[PDB]
Amino acid sequence: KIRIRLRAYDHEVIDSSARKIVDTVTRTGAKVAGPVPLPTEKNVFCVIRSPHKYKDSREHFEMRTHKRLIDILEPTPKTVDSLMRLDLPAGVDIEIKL
Amino acid sequence: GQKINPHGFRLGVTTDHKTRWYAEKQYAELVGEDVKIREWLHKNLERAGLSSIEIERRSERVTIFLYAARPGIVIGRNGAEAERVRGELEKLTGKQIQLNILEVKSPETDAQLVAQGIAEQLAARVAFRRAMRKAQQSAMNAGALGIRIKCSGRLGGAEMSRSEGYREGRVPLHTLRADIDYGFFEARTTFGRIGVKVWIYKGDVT
Amino acid sequence: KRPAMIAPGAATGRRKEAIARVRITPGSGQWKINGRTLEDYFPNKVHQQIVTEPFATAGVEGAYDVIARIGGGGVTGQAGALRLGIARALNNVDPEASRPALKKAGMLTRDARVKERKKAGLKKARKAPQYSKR
Amino acid sequence: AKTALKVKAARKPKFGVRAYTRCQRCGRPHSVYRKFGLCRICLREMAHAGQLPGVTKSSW
Amino acid sequence: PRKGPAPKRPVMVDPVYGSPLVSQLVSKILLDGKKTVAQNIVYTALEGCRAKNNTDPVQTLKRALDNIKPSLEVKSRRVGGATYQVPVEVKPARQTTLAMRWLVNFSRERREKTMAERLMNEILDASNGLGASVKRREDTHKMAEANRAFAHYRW
RNA sequence: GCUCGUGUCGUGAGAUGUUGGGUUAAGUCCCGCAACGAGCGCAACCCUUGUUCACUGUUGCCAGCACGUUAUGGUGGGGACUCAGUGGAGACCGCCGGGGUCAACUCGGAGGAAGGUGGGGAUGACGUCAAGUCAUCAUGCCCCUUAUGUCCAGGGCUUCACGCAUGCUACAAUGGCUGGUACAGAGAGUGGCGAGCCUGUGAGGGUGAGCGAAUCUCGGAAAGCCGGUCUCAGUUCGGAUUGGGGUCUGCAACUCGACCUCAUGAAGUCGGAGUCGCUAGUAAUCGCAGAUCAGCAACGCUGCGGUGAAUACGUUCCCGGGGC
Ligand SMILES: [Mg+2]
Ligand SMILES: [Mg+2]
Ligand SMILES: [Mg+2]
Ligand SMILES: [Mg+2]
Ligand SMILES: [Mg+2]
Ligand SMILES: [Mg+2]
Ligand SMILES: [Mg+2]
Ligand SMILES: [Mg+2]
Ligand SMILES: [Zn+2]
């Protein structure tokens with residue numbers, strides 16, 4: 001019941017946000033499933049290092065998306081208001097499935 | 001010619017990204033507006049001296065941290081210049097901009113402002129050796145553990161290009177735990193432009 | 001010197017990107033890997049020896065049943081993972097009578113040999129494009 | 001790139017198939033990534049400077 | 001290499017015949033990385049061997065290998081302005097390797113249709129004392145004897 | 001490896017440090033020493049892989065428990081196993097023995113998933129080549145300004161007596177064809193990935209769920225194994241070329257797209273002098289995925305796993321480099 005999907009690029013801020021969510025809902029009772037980590041999206045970009053005629057030397061980059069999942073077993077409309085009104089860091093987004 | 005950018009090398013390890021937002025269907029357009037914001041701010045606020053522009057987004061609302069040595073230019077008189085630059089920012093982007101301007105505690109220790117000053121002196125036609133020595137001495141008076149400055153180009157208005165450099169202390173570029181601040185600027189002279197690069201070893205971090 | 005102990009047990013095995021969940025139990029010595037029998041899942045004697053020989057080098061012999069759940073990798077990698085899993089199961093069942101010989105045979109060890117990654121400017125992990133001077 | 005080419009690429013094409021990408025910072029028409037616009041050089045330099053969130057060097 | 005003698009990978013034994021020789025034979029056939037194909041060929045050849053003679057196929061393979069094993073072979077030497085063919089004694093491992101390589105190559109060169117019993121025919125002929133492999137062993141020994149005068153250049 | 005501060009030597013450029021002995025992958029350390037120090041490089045810190053623990057348990061997993069349409073962990077449920085991903089542990093010549101004047105190191109052994117840097121990546125010192133890029137961007141000066149700006153249609157960048165280079169497919173039987181049947185990893189997806197059903201020889205078309213995705217789709221892995229068949233034939237090898245009939249994308253496939261199908265069936269019998277890659281999960285081969293991208297000339301590139309070798313006596317010779 002009540003899904004919370006957290007996505008960001010830094011696992012430190014992911015973990016901090018998940019801890020804040022779970023400690024908030026708990027402060028409002030509502031027992032909630034622990035933050036379960038989904039597989040991290042791993043996009044890879046290869047780029048010719050030089051601006052011209054040098055293809056054998058290249059640079060690789062990744063955009064790792066870290067995802068965590070929270071279940072709010074207890075309905076608790078007070079926790080509903082809390083989870084819609086609290087503030088989260090800009091780097092992480094929130095997805096609430098009612 | 002073959003050296004990596006220190007900031008990119010230490011990105012994620014010790015230093016952090018200048019932009020903090022998440023978006024997976026608009027990523028390109030947010031990148032474009034960020035580029036527009038940064039170009040506009042750099043082109044219209046040279047006088048203040050920009051260490052960094054840090055961009056955050058929550059929901060169609062953008063937040064700009066402007067790390068400047070002298071925010072007097074940015075704030076103008078009683079925030080008039082701050083209001084006008086914010087208004088130009090809404091005009092440029094179309095979103096709600098919350099702009100805040102922060103000091104740099106040690107401008108003589110921040111590499112980007114050091115490159116700013118060295119390039120300004122070179123443009124004002126100060127002897128490059130004297131400028132580099134002054135910047136180096138000021139950095140070590142502040143208390144940096146290592147300075148390295150390199151000016152490349154038609155130094156002194158000459159014809160051939162040189163790559164004159166100064167350094168003392170320790171600047172371990174190869175060490176990832178080493179906190180190395182990197183700055184770069186271009187002195188626009190009557191003879192092309194001079195590239196000034198500055199590495200400053202702040203210390204060691206975990 | 002003692003003929004070890006029969007005793008149930010379980011372990012896990014891994015080799016070349018292949019995972020082997022092994023559960024060894026007293027029995028007749030028959031096999032069932034992913035439901036199908038040994039002669040079905042490892043259809044040929046090419047690499048049945050590599051999975052049977054843990055018992056041969058242990059005191060117990062083909063009078064001791066095993067159930068295997070195998071995932072990932074190819075046939076040989078799965079064989080190696082299953083062998084390591086059985087070796088570890090025998091280890092943690094009887095760590096005194098089968099441990100010395102079982103480790104000496106180089107079987108309580110997981111070889112980290114994994115496919116080396118491809119590298120930019122090279123056709124494969126180490127193969128290089130044909131150099132052509134002038 | 002040429003300014004006329006940049007504005008022509010920006011404007012809606014006559015036929016849908018005639019559109020193309022262009023580096024949104026640079027104007028470069030080759031090697032433009034759909035994920036974040038930009039181009040080869042623009043991606044490399046901006047990722048090094050740290051304006052692209054989530055993008056870091058990969059050394060797996 | 002400069003640093004020193006690189007370690008040798010241990011040779012495994014054939015599960016069926018219980019001899020490292022057959023494993024070395026399959027690893028020498030072993031074209032394209034197809035171990036199963038190579039040892040299907042090898043097992044078929046050995047079974048054909050035991051079919052045509054009652055003796056053990058591993059024993060007949062061993063006898064063929066001893067009949068193809070070279071004792072000494074000549075190598076090029078850059079002494080002076082002309083090249084020499086210095087005869088050098090061959091260690092047991094090197095000579096087993098040479099015998100296996102020659103067996104496999106001449107089996108591949110034989111005129112019969114299929115590789116399996118091309119190799120079977122070559123093995124039987126070598127064990128008897130005939131064939132291209134034995135001929136090459138005799139020729140290399142003959143040329144070593146011809147150039148035997150340079151046994152003092154060994155280092 | 002390249003240097004510096006101070007000292008010292010020399011009229012001076014300069015030298016010493018940085019030579020010597022030993023060692024190391026390493027200017028890595030050790031010993032002695034007119035040197036005493038420091039800095040950039042080496043190493044380590046980072047990423048990934050190999051062992052293990054704690055925490056969490058869905059979209060992942062199913063050992064014990066209860067049904068499921070027969071059936072599908074489908075179900076309640078479970079923290080065991082696997083895995084996912086956060087935080088820890090683990091390797092340090094740390095222990096034992098020998099060598100090593102000792103000392104650095106070195107050899108052997110035990111423990112251990114791993115032993116002497118465990119494998120791989122990121123990382124490229126002072127500088128060299130007036131090396132490449134004014135065409136990614138930026139810019140000094142010079143030049144164009146009813147044109148060297150700029151818009152458009154058509155053409156060209158795809159030409160072809162030739163030469164070189166990098167690849168692909170081959171020349172077959174360790175193979176071709178055909179039926180059946182196993183085992184992956186890493187990735188991508190809403191103008192997208194598209195299942196299922198119907199239709200067509202097929203490319204495809206028509207309907208069309210599901211999935212912003214550990215859920216749904218791409219999906220089939222191929223090599224391999226097993227049965228049948230071909231029987232050494234320029235072939236049931238090879239698939240170039242050429243003729244016919246099509247499909248799809250696109251405003252539009254003539255120049256100049258991919259694909260399907262029918263027919264055609266070229267050179268090629270293992271390649272001269274010469275030359276290239278590779279020391280292990282490597283070479284060899286086998287398929288898969290992605291970027292760009294309406295489509296695609298992609299056999300390219302960057303990755304991914306499957307199968308999986310032979311050999312290294314040695315430094316004499318060839319090429320490149322290091323100390324004196
Ligand atoms: Mg070249
Ligand atoms: Mg296009
Ligand atoms: Mg290093
Ligand atoms: Mg030039
Ligand atoms: Mg110009
Ligand atoms: Mg062309
Ligand atoms: Mg996605
Ligand atoms: Mg090597
Ligand atoms: Zn660009």
Side-chain angles (χ1 to χ4, degrees), chain A residues 8-13 42-52 54-65 91, chain B residues 1-21 27 30-31 34-35 38-39 42 50-55 65 67 110-116 146 148-150 152 171-186 195-206, chain C residues 120, chain D residues 23 25-26 28 31 33 35-60:
Chain A
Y9 305 133
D10 186 74
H11 72 267
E12 292 83 302
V13 66
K42 182 67 180 294
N43 304 148
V44 170
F45 311 95
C46 187
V47 162
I48 293 168
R49 211 185 277 253
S50 164
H52 197 270
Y54 292 123
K55 205 173 186 185
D56 291 331
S57 66
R58 300 184 188 181
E59 217 169 355
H60 287 249
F61 300 87
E62 22 95 332
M63 193 188 356
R64 315 147 94 97
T65 303
Chain B
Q2 60 274 67
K3 286 188 190 61
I4 192 169
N5 189 306
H7 184 252
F9 187 37
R10 283 136 183 98
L11 187 63
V13 189
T14 61
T15 187
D16 291 331
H17 300 91
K18 300 294 187 291
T19 51
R20 288 197 301 288
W21 45 265
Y27 194 95
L30 271 66
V31 163
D34 291 331
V35 166
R38 283 163 190 286
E39 281 206 346
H42 275 117
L50 298 196
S51 177
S52 64
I53 318 168
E54 184 177 1
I55 319 180
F65 308 82
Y67 288 84
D110 172 320
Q112 191 47 65
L113 269 298
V114 162
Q116 183 67 41
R148 189 184 167 194
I149 312 174
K150 182 175 73 175
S152 290
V171 193
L173 287 182
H174 271 64
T175 296
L176 282 73
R177 67 157 80 106
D179 186 74
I180 288 192
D181 180 323
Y182 173 76
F184 164 77
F185 212 78
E186 272 181 344
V196 176
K197 291 150 135 167
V198 170
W199 302 261
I200 288 175
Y201 181 76
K202 299 291 180 68
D204 189 358
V205 298
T206 80
Chain D
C23 167
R25 183 178 182 270
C26 180
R28 196 185 166 98
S31 82
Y33 291 84
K35 175 71 211 171
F36 62 87
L38 309 173
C39 76
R40 214 185 56 211
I41 312 97
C42 289
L43 167 60
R44 183 178 182 270
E45 64 168 56
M46 197 169 327
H48 276 167
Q51 293 82 17
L52 293 189
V55 176
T56 58
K57 294 179 61 64
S58 80
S59 71
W60 83 96

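In what follows, every heavy atom counts, from backbone to side chain, and hydrogens, waters and symmetry copies are set aside. Here is the naming used below: chain letters follow the sequence lines, and residue numbers restart at 1 for every chain.
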| Going through the checks in order, is the side-chain contact (heavy atoms from CB on, under 4.5 Å) test met by D:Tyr33 and D:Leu38? | CA-CA 6 Å; D:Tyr33 291 84; D:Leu38 309 173; over 6 Å; no
| Trace of the side-chain contact (heavy atoms from CB on, under 4.5 Å) decision for B:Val35 with D:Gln51 | CA-CA 9 Å; B:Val35 166; D:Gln51 293 82 17; over 6 Å; no
| message | Let's go through A:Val13 and B:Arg20 carefully: what are the C-alpha distance in whole Å and the side-chain angles of both, what is the deciding distance for side-chain contact (heavy atoms from CB on, under 4.5 Å) to 0.1 Å, and is it a yes or a no? | response | CA-CA 11 Å; A:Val13 66; B:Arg20 288 197 301 288; over 6 Å; no
| field | Verdict with supporting geometry, B:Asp181 and B:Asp110, side-chain contact (heavy atoms from CB on, under 4.5 Å) | value | CA-CA 7 Å; B:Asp181 180 323; B:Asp110 172 320; 4.2 Å; yes
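The side-chain heavy atoms of B:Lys3 and B:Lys197, taken from C-beta on, include no pair separated by under 4.5 Å. Taking 4.5 Å as the limit, every side-chain heavy atom of A:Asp10 sits out of range of all side-chain heavy atoms of B:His17. You'll find the side chain of B:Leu113 stays beyond 4.5 Å of the side chain of B:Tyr67, heavy atoms only. When side chains are defined from C-beta on, D:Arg28 counts as touching D:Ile41, because their heavy atoms get closer than 4.5 Å. For the pair B:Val31 and D:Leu52, the minimum side-chain heavy-atom distance is below 4.5 Å. With a 4.5 Å cut-off on side-chain heavy atoms, D:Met46 and B:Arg38 do not count as touching. Side chains of A:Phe61 and D:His48 form a contact here, defined as non-hydrogen atoms less than 4.5 Å apart. B:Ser52 is listed as a side-chain neighbour of B:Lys18, based on a closest heavy-atom distance under 4.5 Å.
One distance of note links CG of D:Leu43 with CD of A:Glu59; it measures 9.0 Å at 0.5 Å rounding. One finds the SG atom of D:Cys26 at 7.5 Å from the CD atom of D:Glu45 (value rounded to the nearest 0.5 Å). Of the inter-residue distances, the one linking B:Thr206 atom OG1 with B:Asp179 atom CG reads 10.5 Å to the nearest 0.5 angstrom.
Between B:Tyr182 and B:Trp199, the two ring planes are tilted [angle within 30° to 60°].
B:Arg10 places a side-chain N or O within donor-acceptor distance of the main-chain N or O of B:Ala178, the cut-off being under 3.5 Å. Between the side chain of A:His60 and the main chain of D:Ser59, no donor-acceptor pair closer than 3.5 Å is present. Put simply, the side chain of B:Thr175 never gets that close to the backbone of B:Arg177: no donor and acceptor are under 3.5 Å apart. Judged purely by atom type and a 3.5 angstrom limit, D:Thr56 has no side-chain atom pairing as donor or acceptor with the backbone of B:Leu11. Between the side chain of D:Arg40 and the backbone N or O of A:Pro51 there is at least one donor-acceptor pair closer than 3.5 Å.
Here the shortest heavy-atom pairing between B:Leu173 and B:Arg148 reads CD1-NH1, 3.7 Å. The minimum heavy-atom distance linking D:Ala47 with D:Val55 is given by the pair CB-CG1, 3.6 Å. The shortest heavy-atom contact between A:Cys46 and A:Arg58 is SG-CD, 3.5 Å. Here the closest heavy-atom approach between residue D:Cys42 and residue D:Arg25 is recorded as SG-NH1, 3.9 Å. Minimum interatomic distance between B:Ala115 and B:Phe185 (heavy atoms only, all atoms of both residues): O-CB, 3.6 Å.
The pair A:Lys42-A:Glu62 fails the salt-bridge criterion, with no side-chain N (NZ, NE, NH1 or NH2) lying under 4.0 Å from an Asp/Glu carboxylate O.
Side-chain rings of B:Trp21 and B:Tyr27 approach one another, their centers coming within less than 6.0 Å.
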